[PDB]
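Heads up, protein.cif below (mmCIF, C-alpha atoms):
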```cif
data_coords
#
loop_
_atom_site.label_atom_id
_atom_site.label_comp_id
_atom_site.auth_asym_id
_atom_site.auth_seq_id
_atom_site.Cartn_x
_atom_site.Cartn_y
_atom_site.Cartn_z
CA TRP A 1 -3.81 132.58 -42.16
CA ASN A 2 -3.99 128.78 -41.77
CA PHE A 3 -3.50 127.57 -45.36
CA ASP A 4 -1.57 130.44 -46.96
CA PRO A 5 1.94 129.00 -47.54
CA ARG A 6 3.58 132.41 -47.17
CA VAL A 7 2.76 132.35 -43.44
CA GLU A 8 4.33 128.90 -43.01
CA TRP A 9 7.45 130.08 -44.86
CA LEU A 10 7.65 133.15 -42.62
CA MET A 11 7.30 131.10 -39.43
CA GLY A 12 9.81 128.48 -40.58
CA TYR A 13 12.40 131.12 -41.43
CA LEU A 14 11.86 133.02 -38.17
CA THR A 15 11.91 129.89 -35.99
CA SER A 16 15.08 128.84 -37.84
CA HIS A 17 16.70 132.30 -37.48
CA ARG A 18 15.51 133.27 -33.99
CA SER A 19 18.69 135.31 -33.38
CA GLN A 20 17.93 137.76 -36.22
CA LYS A 21 15.78 140.88 -36.24
CA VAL A 22 13.66 140.76 -39.39
CA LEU A 23 11.78 143.64 -41.01
CA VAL A 24 8.61 142.28 -42.67
CA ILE A 25 6.62 144.55 -44.98
CA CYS A 26 3.00 143.99 -45.98
CA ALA A 27 0.47 146.11 -47.83
CA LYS A 28 -2.32 146.84 -45.35
CA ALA A 29 -2.56 147.20 -41.57
CA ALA A 30 -5.41 144.67 -41.37
CA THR A 31 -3.17 141.96 -42.80
CA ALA A 32 -0.48 143.03 -40.32
CA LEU A 33 -2.80 142.52 -37.34
CA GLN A 34 -3.86 139.15 -38.72
CA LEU A 35 -0.18 138.27 -39.12
CA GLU A 36 0.65 139.21 -35.53
CA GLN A 37 -2.27 137.11 -34.31
CA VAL A 38 -1.30 134.07 -36.38
CA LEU A 39 2.43 134.23 -35.63
CA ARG A 40 1.59 134.49 -31.95
CA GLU A 41 -1.11 131.86 -31.64
CA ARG A 42 0.70 129.31 -33.83
CA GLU A 43 4.43 130.04 -33.39
CA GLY A 44 4.64 132.57 -30.54
CA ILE A 45 6.58 135.12 -32.60
CA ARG A 46 6.90 138.57 -31.02
CA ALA A 47 5.91 141.19 -33.62
CA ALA A 48 5.03 144.86 -33.14
CA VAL A 49 2.57 146.58 -35.50
CA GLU B 1 48.62 85.21 -17.58
CA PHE B 2 45.13 86.30 -16.53
CA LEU B 3 41.53 85.86 -17.58
CA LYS B 4 39.01 88.47 -18.76
CA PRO B 5 35.22 88.30 -19.16
CA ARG B 6 33.62 87.79 -22.56
CA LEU B 7 29.99 88.67 -23.30
CA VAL B 8 28.04 85.47 -23.92
CA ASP B 9 24.45 84.51 -24.80
CA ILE B 10 21.76 87.18 -24.30
CA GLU B 11 18.38 85.53 -23.80
CA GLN B 12 15.28 87.59 -24.63
CA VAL B 13 12.22 86.30 -22.77
CA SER B 14 9.92 89.18 -23.76
CA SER B 15 10.24 92.40 -25.73
CA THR B 16 10.86 94.28 -22.48
CA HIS B 17 12.50 91.67 -20.23
CA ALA B 18 16.03 90.47 -20.96
CA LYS B 19 18.79 88.29 -19.51
CA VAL B 20 22.46 88.92 -20.35
CA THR B 21 25.25 86.54 -19.33
CA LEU B 22 28.99 87.06 -18.76
CA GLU B 23 30.80 83.75 -18.35
CA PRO B 24 34.50 84.03 -17.41
CA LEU B 25 34.52 86.39 -14.41
CA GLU B 26 37.37 86.22 -11.91
CA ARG B 27 36.51 85.66 -8.26
CA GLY B 28 35.47 88.93 -6.65
CA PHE B 29 34.85 90.91 -9.84
CA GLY B 30 31.33 89.47 -10.12
CA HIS B 31 29.82 91.94 -7.69
CA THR B 32 32.05 94.80 -8.86
CA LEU B 33 30.94 94.56 -12.47
CA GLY B 34 27.35 93.72 -11.52
CA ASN B 35 26.99 96.85 -9.45
CA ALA B 36 28.93 99.14 -11.79
CA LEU B 37 26.69 98.11 -14.69
CA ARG B 38 23.53 98.40 -12.58
CA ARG B 39 24.50 101.96 -11.65
CA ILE B 40 25.43 103.01 -15.18
CA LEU B 41 22.33 101.43 -16.71
CA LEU B 42 19.89 102.96 -14.22
CA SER B 43 21.52 106.39 -14.40
CA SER B 44 22.90 107.06 -17.85
CA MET B 45 21.13 105.12 -20.59
CA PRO B 46 20.18 107.54 -23.40
CA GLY B 47 16.63 107.26 -24.63
CA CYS B 48 14.02 109.28 -26.43
CA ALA B 49 10.81 110.60 -24.92
CA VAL B 50 8.16 113.20 -25.59
CA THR B 51 9.16 116.69 -24.47
CA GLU B 52 6.10 118.76 -25.43
CA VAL B 53 2.74 118.26 -27.12
CA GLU B 54 0.39 120.44 -29.14
CA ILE B 55 -3.28 119.46 -29.38
CA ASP B 56 -5.57 121.63 -31.48
CA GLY B 57 -8.62 122.65 -29.44
CA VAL B 58 -6.91 122.93 -26.04
CA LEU B 59 -5.27 126.00 -24.53
CA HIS B 60 -3.62 124.44 -21.47
CA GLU B 61 -3.04 121.12 -19.72
CA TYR B 62 -6.08 121.60 -17.49
CA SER B 63 -8.88 122.18 -20.01
CA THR B 64 -11.04 119.40 -21.46
CA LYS B 65 -12.14 118.21 -24.89
CA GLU B 66 -15.65 117.41 -26.00
CA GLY B 67 -16.21 113.71 -26.57
CA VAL B 68 -13.28 112.45 -24.49
CA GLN B 69 -13.48 111.20 -20.91
CA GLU B 70 -9.86 111.55 -19.82
CA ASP B 71 -8.75 115.05 -18.94
CA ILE B 72 -6.06 116.64 -21.11
CA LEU B 73 -3.65 116.34 -18.17
CA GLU B 74 -4.25 112.61 -18.16
CA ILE B 75 -3.47 112.61 -21.90
CA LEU B 76 -0.06 114.08 -21.08
CA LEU B 77 0.32 111.46 -18.34
CA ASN B 78 -0.39 108.76 -20.93
CA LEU B 79 2.11 110.27 -23.35
CA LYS B 80 4.85 110.28 -20.71
CA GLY B 81 4.75 106.48 -20.83
CA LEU B 82 5.04 106.22 -24.61
CA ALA B 83 8.04 104.04 -25.43
CA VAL B 84 9.54 105.11 -28.75
CA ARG B 85 12.80 104.42 -30.58
CA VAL B 86 14.32 107.25 -32.64
CA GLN B 87 17.22 106.34 -34.92
CA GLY B 88 18.62 109.33 -36.80
CA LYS B 89 17.23 112.70 -35.77
CA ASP B 90 17.18 114.32 -32.33
CA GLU B 91 13.70 115.91 -32.51
CA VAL B 92 10.85 114.23 -34.40
CA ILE B 93 7.24 115.42 -34.75
CA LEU B 94 4.75 112.54 -34.59
CA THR B 95 1.15 113.15 -35.67
CA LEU B 96 -1.90 111.50 -34.10
CA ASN B 97 -5.23 111.93 -35.92
CA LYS B 98 -8.33 109.93 -35.02
CA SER B 99 -12.08 110.41 -35.39
CA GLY B 100 -15.17 108.44 -34.45
CA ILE B 101 -15.93 106.29 -31.43
CA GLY B 102 -13.12 104.07 -30.21
CA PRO B 103 -9.96 103.97 -28.10
CA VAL B 104 -7.17 106.14 -29.51
CA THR B 105 -4.16 103.89 -28.92
CA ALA B 106 -0.50 104.53 -29.68
CA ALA B 107 -0.78 102.52 -32.91
CA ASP B 108 -2.75 105.31 -34.61
CA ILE B 109 0.35 107.56 -34.73
CA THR B 110 1.29 108.58 -38.26
CA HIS B 111 3.89 106.02 -39.30
CA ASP B 112 7.27 107.64 -39.89
CA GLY B 113 10.36 105.81 -41.07
CA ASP B 114 12.87 106.67 -38.37
CA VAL B 115 10.52 106.30 -35.37
CA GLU B 116 9.45 102.93 -33.95
CA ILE B 117 6.38 102.79 -31.70
CA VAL B 118 7.28 99.86 -29.48
CA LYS B 119 3.87 99.22 -27.88
CA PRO B 120 1.10 100.08 -30.36
CA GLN B 121 -1.56 98.86 -27.91
CA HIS B 122 -0.70 101.63 -25.43
CA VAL B 123 -3.90 103.60 -24.94
CA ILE B 124 -4.04 107.39 -25.20
CA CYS B 125 -7.73 108.31 -25.17
CA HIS B 126 -11.29 107.10 -25.64
CA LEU B 127 -13.63 108.96 -27.93
CA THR B 128 -17.32 108.86 -27.08
CA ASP B 129 -19.02 110.80 -29.91
CA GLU B 130 -19.50 110.08 -33.60
CA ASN B 131 -18.35 113.53 -34.73
CA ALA B 132 -15.68 113.98 -32.05
CA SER B 133 -12.20 114.18 -33.58
CA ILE B 134 -8.78 114.57 -31.96
CA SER B 135 -5.62 115.75 -33.72
CA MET B 136 -2.28 116.32 -32.03
CA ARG B 137 1.44 116.69 -32.77
CA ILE B 138 3.82 115.10 -30.27
CA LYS B 139 7.47 116.22 -30.26
CA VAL B 140 9.97 113.52 -29.22
CA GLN B 141 13.62 114.18 -28.30
CA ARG B 142 16.66 112.12 -27.35
CA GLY B 143 18.35 112.71 -24.01
CA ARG B 144 19.74 111.21 -20.83
CA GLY B 145 18.43 111.26 -17.27
CA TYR B 146 15.42 113.15 -15.93
CA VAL B 147 14.58 116.76 -16.73
CA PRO B 148 11.34 118.30 -15.39
CA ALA B 149 9.39 121.09 -17.06
CA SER B 150 9.96 123.50 -14.17
CA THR B 151 13.75 123.48 -14.42
CA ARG B 152 13.73 124.07 -18.19
CA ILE B 153 11.30 126.94 -17.53
CA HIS B 154 14.29 129.16 -16.71
CA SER B 155 15.40 128.65 -20.34
CA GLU B 156 11.88 129.16 -21.79
CA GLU B 157 13.34 130.47 -25.09
CA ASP B 158 10.06 131.83 -26.47
CA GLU B 159 7.55 129.35 -25.06
CA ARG B 160 5.07 132.05 -26.25
CA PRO B 161 2.53 129.74 -28.00
CA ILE B 162 0.00 129.07 -25.28
CA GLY B 163 -0.98 125.93 -27.15
CA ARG B 164 2.34 124.37 -26.16
CA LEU B 165 2.06 121.70 -23.47
CA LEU B 166 5.33 120.92 -21.72
CA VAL B 167 5.87 117.39 -20.44
CA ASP B 168 8.46 116.24 -17.93
CA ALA B 169 11.14 114.26 -19.75
CA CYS B 170 12.16 110.89 -18.32
CA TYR B 171 15.03 110.26 -20.75
CA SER B 172 15.67 106.74 -19.48
CA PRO B 173 14.40 103.44 -20.93
CA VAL B 174 15.42 101.12 -18.09
CA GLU B 175 12.85 100.37 -15.36
CA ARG B 176 14.63 97.67 -13.35
CA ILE B 177 18.02 95.97 -13.00
CA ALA B 178 19.11 92.93 -10.99
CA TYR B 179 22.25 90.85 -11.14
CA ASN B 180 23.38 87.49 -9.79
CA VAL B 181 26.97 86.29 -9.57
CA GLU B 182 26.88 82.49 -9.54
CA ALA B 183 29.49 79.75 -9.66
CA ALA B 184 30.71 79.32 -13.25
CA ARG B 185 32.17 75.82 -13.35
CA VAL B 186 34.79 76.15 -16.10
CA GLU B 187 36.17 72.80 -17.20
CA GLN B 188 39.75 73.67 -16.07
CA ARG B 189 39.31 75.91 -12.98
CA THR B 190 37.88 75.52 -9.49
CA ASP B 191 36.21 78.80 -8.44
CA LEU B 192 34.97 81.00 -11.27
CA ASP B 193 31.81 83.08 -11.50
CA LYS B 194 29.31 84.10 -14.18
CA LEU B 195 27.41 87.38 -13.96
CA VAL B 196 23.73 87.36 -14.98
CA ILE B 197 22.14 90.79 -15.55
CA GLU B 198 18.34 90.65 -15.68
CA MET B 199 16.84 93.90 -16.96
CA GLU B 200 13.34 95.26 -17.48
CA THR B 201 12.96 98.19 -19.88
CA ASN B 202 10.15 99.96 -21.69
CA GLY B 203 11.27 98.13 -24.83
CA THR B 204 13.29 100.80 -26.63
CA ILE B 205 16.96 100.16 -25.88
CA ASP B 206 18.14 96.70 -26.87
CA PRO B 207 20.10 94.78 -24.22
CA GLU B 208 23.36 94.45 -26.16
CA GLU B 209 23.55 98.17 -26.91
CA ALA B 210 22.70 99.15 -23.33
CA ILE B 211 25.39 96.92 -21.84
CA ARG B 212 27.93 97.99 -24.46
CA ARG B 213 27.33 101.70 -23.84
CA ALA B 214 27.49 101.26 -20.06
CA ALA B 215 30.78 99.37 -20.33
CA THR B 216 31.93 102.15 -22.67
CA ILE B 217 31.18 104.86 -20.12
CA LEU B 218 32.91 102.99 -17.29
CA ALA B 219 35.94 102.26 -19.49
CA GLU B 220 36.11 105.94 -20.44
CA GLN B 221 36.21 107.02 -16.80
CA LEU B 222 38.88 104.39 -16.12
CA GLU B 223 40.80 105.90 -19.04
CA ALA B 224 40.53 109.21 -17.22
CA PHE B 225 42.19 107.44 -14.29
CA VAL B 226 45.05 105.83 -16.23
CA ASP B 227 46.98 109.10 -16.62
CA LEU B 228 47.98 110.99 -13.47
CA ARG B 229 49.55 114.42 -13.88
CA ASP B 230 51.27 114.99 -10.49
CA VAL B 231 52.52 118.20 -12.14
CA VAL C 1 -17.35 148.94 -7.51
CA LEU C 2 -17.78 149.13 -11.28
CA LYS C 3 -16.41 145.72 -12.19
CA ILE C 4 -14.11 142.92 -11.06
CA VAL C 5 -11.81 140.57 -12.95
CA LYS C 6 -10.72 137.31 -11.33
CA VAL C 7 -7.84 135.26 -12.70
CA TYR C 8 -7.05 131.70 -11.65
CA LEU C 9 -3.48 130.45 -11.82
CA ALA C 10 -2.81 126.73 -11.68
CA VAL C 11 0.59 125.48 -10.56
CA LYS C 12 2.01 121.95 -10.56
CA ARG C 13 4.10 121.49 -7.43
CA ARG C 14 6.45 118.53 -7.46
CA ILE C 15 7.79 117.00 -4.28
CA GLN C 16 11.20 118.40 -3.36
CA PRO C 17 13.54 118.38 -0.35
CA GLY C 18 12.00 120.13 2.64
CA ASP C 19 8.36 119.23 2.03
CA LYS C 20 6.45 117.43 4.77
CA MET C 21 5.23 113.89 4.24
CA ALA C 22 3.34 111.66 6.64
CA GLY C 23 1.72 108.30 7.24
CA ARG C 24 -1.65 107.46 8.72
CA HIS C 25 -0.25 106.36 12.11
CA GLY C 26 1.31 109.61 13.34
CA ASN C 27 4.75 109.17 11.78
CA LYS C 28 5.94 112.41 10.19
CA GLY C 29 8.90 113.66 8.30
CA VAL C 30 10.56 116.13 5.97
CA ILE C 31 11.72 114.75 2.66
CA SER C 32 15.45 115.15 3.04
CA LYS C 33 17.05 113.97 -0.18
CA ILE C 34 16.01 112.70 -3.59
CA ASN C 35 18.13 109.77 -4.36
CA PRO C 36 18.94 108.38 -7.78
CA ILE C 37 17.21 105.10 -8.52
CA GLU C 38 20.46 103.17 -8.42
CA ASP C 39 21.45 104.28 -4.92
CA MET C 40 18.20 103.12 -3.33
CA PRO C 41 18.11 99.67 -1.67
CA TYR C 42 16.85 96.81 -3.81
CA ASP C 43 15.79 93.25 -3.05
CA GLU C 44 17.39 90.23 -4.73
CA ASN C 45 14.78 90.41 -7.50
CA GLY C 46 15.98 93.91 -8.39
CA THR C 47 12.94 95.98 -7.45
CA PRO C 48 14.09 99.13 -5.64
CA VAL C 49 12.40 100.57 -2.60
#
```

Show me this structure written as structure tokens.
Amino acid sequence: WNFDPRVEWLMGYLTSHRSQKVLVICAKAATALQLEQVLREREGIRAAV
Amino acid sequence: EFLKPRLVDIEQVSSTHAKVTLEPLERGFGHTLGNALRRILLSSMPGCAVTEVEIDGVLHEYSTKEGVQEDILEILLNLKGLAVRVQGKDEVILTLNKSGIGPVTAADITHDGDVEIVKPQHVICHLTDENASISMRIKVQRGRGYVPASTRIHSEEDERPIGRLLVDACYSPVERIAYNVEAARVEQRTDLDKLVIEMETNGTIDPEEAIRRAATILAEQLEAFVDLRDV
Amino acid sequence: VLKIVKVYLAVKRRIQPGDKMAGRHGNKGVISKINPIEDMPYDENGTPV
């Protein structure tokens, strides 16, 4: 979750559209937990699993 | 039939220290303009300064890195003094990356076009280990005055990343201001004065632009005075 | 007692009006006002007190 450019794109869009609720769909729950952890510890994005 | 003061020679003794002269000042307006400019300069000069910092291996201002001797808090204290000139953008992200033994000075910042690091010798840290490496990203904004962290805390606005390190913003480049009104012997006049403004800054705002902006602000407020509604 | 969890908060307190300041000789006082740099007295050389 540090080099995958999808994560950077997600963060950039969210941090640039902070006033929008965004529904983000991924395949597996494991990836979703990793995404919450990375969005929190590197952009502080609030995301419920 | 009156006179009016024209901005004359602006001597630069050092990069930070500057003398600005104003030759044809009427009697009595010496002190008025001296003080007005001193006030405006000290209060209202816009400058850029670091607002928050992110270093990699550090959770909060109070922790400590391996291979450095300063505490992280002292690193923030060193960054507060960084004198930088931003031209176009309002928020820039500077990157500092150094490894190996040596003093991490301000010069090591990743060289961007729009940002000028005025004092590259300004120290930041000292490494003390061959394999010790520090990387950080310093965010620099433009602003006026003095804003502490604790006031902006009300407006946190998702400060959620615990890696974020907020720094108090001293958005003011000017350290010191003095002025002297002294007899300006003009070849056809008896009693005229010249105003000499001696200013010490961190070396970001140039003298001419500072004085011009201050005069601008004062003139604007005087403009506010010209009209009087009485309605 | 099964277990205990201790948490340390650290807080940076800046000087503000109402705090107590003192000298070494018995002179005391409450910091009454924070003045702008320009308002403070300055010697001829321009250094403010």

For chain B versus chain A, which residues have an atom no more than 9 Å away, and what is each residue's nearest atom pair and distance in Å rounded to one decimal, using all atoms listed in the file, chain-then-number order, as JSON lines?
```
{"residue": "B:158", "atom": "CA", "partner": "A:44", "partner_atom": "CA", "distance": 6.8}
{"residue": "B:159", "atom": "CA", "partner": "A:44", "partner_atom": "CA", "distance": 7.0}
{"residue": "B:160", "atom": "CA", "partner": "A:44", "partner_atom": "CA", "distance": 4.3}
{"residue": "B:161", "atom": "CA", "partner": "A:44", "partner_atom": "CA", "distance": 4.3}
{"residue": "B:162", "atom": "CA", "partner": "A:41", "partner_atom": "CA", "distance": 7.0}
{"residue": "B:163", "atom": "CA", "partner": "A:41", "partner_atom": "CA", "distance": 7.4}
```

Fill in: d(CA of residue 27 (chain C), CA of residue 148 (chain B)) in Å
29.4 Å

Worksheet item: In Å, with one decimal, what is the gap from CA of residue 36 (chain B) to CA of residue 38 (chain C)?
Response: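 Value for the CA of residue 36 (chain B)-CA of residue 38 (chain C) distance: 10.0 Å.
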
Item to complete: Please identify every residue of chain B that has at least one atom no more than 12 Å from any atom of chain C, counting all atoms listed in the file, and report them as a ChimeraX atom specification.
Response: /B:34-44,60-63,73,145-146,148-151,166-168,172,174-181,197-200

Worksheet entry | Near-residue 139 (chain B) list (8 Å; only C-alpha atoms; drop same-chain fewer than 6 positions) as a list in words |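 The neighbour list is residues 50, 51, 52, 53, 91, 92, 93 and 94 of chain B.
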